[PDB]
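K.L.:
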Amino acid sequence: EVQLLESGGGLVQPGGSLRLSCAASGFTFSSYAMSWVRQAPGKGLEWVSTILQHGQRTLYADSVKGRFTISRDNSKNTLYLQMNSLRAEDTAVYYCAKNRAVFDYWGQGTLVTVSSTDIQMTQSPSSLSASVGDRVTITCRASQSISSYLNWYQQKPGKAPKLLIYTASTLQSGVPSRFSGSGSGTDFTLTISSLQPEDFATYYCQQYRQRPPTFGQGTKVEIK
């Protein structure tokens, strides 16, 4: 129902510029905050920027501060991200996500290739091989107490991240009951009771007790 179509990415030389545009539809765009979150090749998710509602107020990550500029056009229901002085480190897949703390809807991601503290989250294991019907357990540990401000996201290969659990344990509307999130403080676990063939994906844990919100490196679930 809710669509977030991204465009504007591609391949650029170091020092160049790009403009990413995420056209949203299916919700009151002017009522929600919007965010850009990037994923480096073979790395975890990283929060880039957010624009809040009717405040014209921007929040940026320290690595992209001064170089990136987020903006929104409420008449077009579009979220723009102007990337300037692009470095080699900026090469990643950029997703536009809804809201500022709990990202319920994500874009499919657009690739940007450039060529010629806060709370840290650790997930366990980094990868695992299980069969259909098994019970899998993923552990998310926070460097400090984050209360119950924990989210679990499911990212299938090459697809957009999907919100599974929010506030440590509350299940997202539309998520099967086989998913269960539990834990508090600094220790959280995501358990899948009976694995399914479509369930093989990478699972990420995010915290929003501290801004900027940080993710884990991810937990890959493969076949045997």
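If you use the entry's author numbering, the sequence shown corresponds to residues 3 to 118, 134 to 241, in order.
The C-beta atom is built at its ideal place from N, Cα and C for all residues, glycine as well.
Would you tell me roughly how many angstroms separate the C-alpha atoms of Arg21 and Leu61, rounded to the nearest one?
P.N.:
The residue labelled residue 21 in the question sits at position 19 within the sequence shown. The residue labelled residue 61 in the question sits at position 59 within the sequence shown. So the alpha carbons of these two residues sit roughly 18 Å apart.
K.L.:
Just confirm the distance between the C-beta atoms of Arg74 and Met36, as a whole number of angstroms; I'd bet it's less than 8 Å.
P.N.:
Reading the sequence shown from its first residue, position 72 is the one you call residue 74. Reading the sequence shown from its first residue, position 34 is the one you call residue 36. Between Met36 and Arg74 the Cβ distance is about 6 Å, and since that is below 8 Å, they are a contact.
K.L.:
Within the same chain, show all residues whose beta-carbon is closer than 7 Å to that of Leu181, passing over the 5 residues directly before and after it, in chain order.
P.N.:
Walking along the sequence shown from the start, residue 181 turns up at place 164. Counting only Cβ-Cβ distances below 7 Å, and skipping sequence neighbours, we find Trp169, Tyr170, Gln171, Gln189, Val192 and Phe196.
K.L.:
Within 10 angstroms of its Cβ, does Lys100 collect 16 or more other Cβ (buried), or is it exposed?
P.N.:
Here the question's residue 100 lines up with position 98 in the sequence shown. Under this definition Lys100 is a buried residue.
K.L.:
Taking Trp108 and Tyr96 to be in contact with their CB atoms under 8 Å, please state how far apart those CB atoms are, rounded to whole angstroms.
P.N.:
Numbered from 1 along the sequence shown, position 106 holds the residue referred to as residue 108. Numbered from 1 along the sequence shown, position 94 holds the residue referred to as residue 96. Between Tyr96 and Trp108 the Cβ distance is about 11 Å, and since that is not below 8 Å, they are no contact.
K.L.:
Identify every residue that forms a DSSP beta bridge with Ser144.
P.N.:
Stepping through the sequence shown from its first residue, residue 144 is reached at position 127. According to DSSP, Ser144 bridges with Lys237.
K.L.:
What separation, rounded to the nearest whole angstrom, lies between the Cα atoms of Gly200 and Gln15?
P.N.:
Start at 1 with the first residue of the sequence shown, and residue 200 comes out as number 183. Start at 1 with the first residue of the sequence shown, and residue 15 comes out as number 13. Using only the alpha carbons, I get a separation of about 45 Å.
K.L.:
Assign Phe31 to one of three DSSP states: helix, strand, or coil.
P.N.:
As a first step, residue 31 must be located in the sequence shown, where it is residue number 29. Residue state, collapsed to three classes: helix.
K.L.:
Return the residue from the list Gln41, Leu212 and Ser77 that minimises the CA-CA distance to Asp151.
P.N.:
To locate residue 151, count along the sequence shown from 1; it is residue 134. For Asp151, the nearest C-alpha among the options comes from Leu212.
K.L.:
In the DSSP assignment, what residue or residues form a beta bridge with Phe70?
P.N.:
Along the sequence shown, one-based indexing puts residue 70 at 68. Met85.
K.L.:
Taking the beta carbon of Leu167 as the centre, do at least 16 other beta carbons fall within 10 Å, making it buried, or is it exposed?
P.N.:
Your numbering for residue 167 matches position 150 in the sequence shown. With 16 or more Cβ atoms within 10 Å of its Cβ, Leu167 is classed as buried.
K.L.:
Given that a residue counts as buried once 16 or more other Cβ atoms are within 10 Å of its Cβ, and exposed if not, what is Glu3?
P.N.:
As a working mapping, residue 3 is identified with position 1 in the sequence shown. Under this definition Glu3 is an exposed residue.
K.L.:
Between the region 151 to 160 and the region 204 to 222, do three or more beta carbon pairs fall short of 8 Å?
P.N.:
The region 151 to 160 is in contact with the region 204 to 222.
K.L.:
Can you tell me the Cβ-Cβ gap for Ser51 and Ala42, rounded? I've got them flagged as a contact below 8 Å.
P.N.:
Walking along the sequence shown from the start, residue 51 turns up at place 49. Walking along the sequence shown from the start, residue 42 turns up at place 40. Actually they do not touch by this definition, with Cβ atoms about 16 Å apart.
K.L.:
Could you check whether the Cβ of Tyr225 sits closer than 7 Å to any heavy atom belonging to the ligand GDP?
P.N.:
Inclusion of the ligand GDP in the displayed structure is not the case, the ligand content being empty and no account of it being possible.
K.L.:
Going by other Cβ atoms of all chains shown within 10 Å of its Cβ, with 16 needed for buried, is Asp204 buried or exposed?
P.N.:
The residue given as residue 204 occupies position 187 in the sequence shown. So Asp204 counts as exposed.
K.L.:
Is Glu91 helix, strand or coil by DSSP?
P.N.:
To locate residue 91, count along the sequence shown from 1; it is residue 89. Looking at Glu91 - three-state DSSP - the assignment turns out to be helix.
K.L.:
Just to confirm the assignment, what range does the beta strand (DSSP E) spanning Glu3 have?
P.N.:
Residue mapping note: residue 3 aligns to position 1 of the sequence shown, counting from 1. Careful: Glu3 lies outside any beta strand (DSSP E) and carries neither H nor E.
K.L.:
Measuring straight from C-alpha to C-alpha, what distance separates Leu145 and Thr115?
P.N.:
By one-based count along the sequence shown, residue 145 stands at place 128. By one-based count along the sequence shown, residue 115 stands at place 113. Straight-line Cα distance between these residues: approximately 29 Å.
K.L.:
Confirm, please, whether the CB-CB distance from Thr236 to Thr219 is below 8 Å.
P.N.:
As a working note, residue 219 is residue 202 in the sequence shown. As a working note, residue 236 is residue 219 in the sequence shown. Their beta carbons are under 8 Å apart, which means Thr219 touches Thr236 by this criterion.
K.L.:
Quick one: what's got a C-beta closer than 6 Å to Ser27's C-beta in the same chain, skipping five residues either side?
P.N.:
Residue mapping note: residue 27 aligns to position 25 of the sequence shown, counting from 1. Excluding residues within five positions, the ones whose Cβ falls inside 6 Å are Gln5.
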